[PDB]
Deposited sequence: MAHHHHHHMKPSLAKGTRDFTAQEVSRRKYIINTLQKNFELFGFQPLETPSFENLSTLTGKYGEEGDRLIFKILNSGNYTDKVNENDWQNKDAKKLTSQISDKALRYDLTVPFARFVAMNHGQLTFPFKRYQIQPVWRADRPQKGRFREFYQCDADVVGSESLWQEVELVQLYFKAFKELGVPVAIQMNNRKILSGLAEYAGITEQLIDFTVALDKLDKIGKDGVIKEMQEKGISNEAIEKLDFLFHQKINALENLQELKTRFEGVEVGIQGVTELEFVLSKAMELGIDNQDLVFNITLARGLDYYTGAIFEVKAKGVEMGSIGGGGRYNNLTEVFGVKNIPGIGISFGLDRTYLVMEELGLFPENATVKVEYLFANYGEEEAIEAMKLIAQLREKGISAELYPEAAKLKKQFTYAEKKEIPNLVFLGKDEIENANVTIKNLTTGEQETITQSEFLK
């Protein structure tokens, strides 16, 4: 019939890409478990009502909905159907949706099971999610998320452990990284002290440009964004920050005299930073950055963002502390902190840096001389496989050139010739396709 195609926004993964993806995931999994995080897997389907309202005022549009089986029009509100109100009909013809992130199903799991879990509860979750988001360059409608969360405590030792988790994970992947850290209460202190409430994004976006466009350029952008000169001048010290991150925090805390939330944010960040230095962490790799402002409506304490050093790439991870995991499900007092790894971007970074290990092909292809001789190849192949060596018999007694061409295209490093002579003599003849060298040895030497 007609020629097929991929659904928009998806792709196939062949052997090399699968193996590199699994390498990343297996490295992260192993690191998670050294840190006491246990895996959790939730279903690809959640109830529509579990996911709706969870992703912002205008986020329900981004969720993939599953059409009801059977006659899905069998119960539609008659007004809505004739009105063709697609939005109101969605809940009427669909009661299931695909996983959009990992945190909402995790909150459901905890809301459903918290009575039986042991707290503090550490879980990691590595699963595909699905997003109907507008066509953005570089992103796909299906992609893996990789999360670690611990819930049930507000202790700042958890922050310290997660910092070490990031550094060890990316060390194992071979990716040098710098972790930016801020704290939401510091931004709230800024808002209160300089009067920039509801202007934190514009302020920090501009201050973030200080190295590139200079102080005059930064101030001109803040003015254009409506930041008052009173605030710009009150925060002038943020234009002259010292080497020591700890000195910069000490300066903020003094300015936050009388602004208790700001004092608290500084104190919490000073805890994490100073413990990290005691643990050998480099203060150029873990950095206080007051312009980090991810998730202003979600994080209540620490905020993290991870970037690979020396690569033009977006962030490869972030996270932070939040007030209550299970708030939206009516279960109180489950505070938590989470981090994420950006796997597709990590993959792109590792690709650029040459970090993927060096393939799935048999080590030994046996030429197929004919039915009589091929059974003796099968015997040797089973012995190789018992010892953990991959091998296979070319399946037809084709011309040798065709068998050579196949080993060439599959990059198999050795072609094995086990003809009547080698069989009668209990030898085997191995043609190394890397060196071009050939030799005939006993089958006992070959299997040693």
{"query": "Unmodelled ranges, which are counted on the deposited sequence from position 1 and given in order", "finding": "1 to 7, 366 to 367"}
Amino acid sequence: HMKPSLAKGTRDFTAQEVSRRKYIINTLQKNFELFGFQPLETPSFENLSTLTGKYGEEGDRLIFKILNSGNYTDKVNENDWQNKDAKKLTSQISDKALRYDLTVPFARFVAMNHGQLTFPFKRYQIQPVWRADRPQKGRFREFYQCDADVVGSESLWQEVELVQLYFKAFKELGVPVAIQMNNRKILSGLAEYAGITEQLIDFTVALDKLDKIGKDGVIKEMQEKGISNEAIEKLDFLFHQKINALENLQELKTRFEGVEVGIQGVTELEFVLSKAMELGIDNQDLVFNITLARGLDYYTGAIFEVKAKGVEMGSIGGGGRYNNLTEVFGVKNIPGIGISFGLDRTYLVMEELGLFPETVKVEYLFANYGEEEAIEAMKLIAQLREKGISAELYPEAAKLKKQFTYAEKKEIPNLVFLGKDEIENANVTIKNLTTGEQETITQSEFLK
From here on, numbers count along this sequence of modelled residues.
| query | finding |
| --- | --- |
| Stretch exceeding the other in mean C-alpha B-factor - 274 to 282, 255 to 263 | 255 to 263 |
| Stretch exceeding the other in mean C-alpha B-factor - 146 to 154, 132 to 140 | 132 to 140 |
| Among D344, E233, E172, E268 - the residue whose C-alpha B-factor is largest in the record | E233 |
| Residue with maximal Cα B-factor (values as given in the PDB entry) among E57, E41, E33, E396 | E57 |
| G330 - which third its CA temperature factor falls in, relative to the rest of the chain | highest |
| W81, C-alpha B-factor rank within chain (lowest, middle or highest third) | highest |
| CA B-factor ranking of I24, expressed as a third of its chain | lowest |
| CA B-factor placement of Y72, once the chain's modelled residues are sorted into thirds | highest |
| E363 - Cα temperature factor, lowest/middle/highest third of chain | lowest |
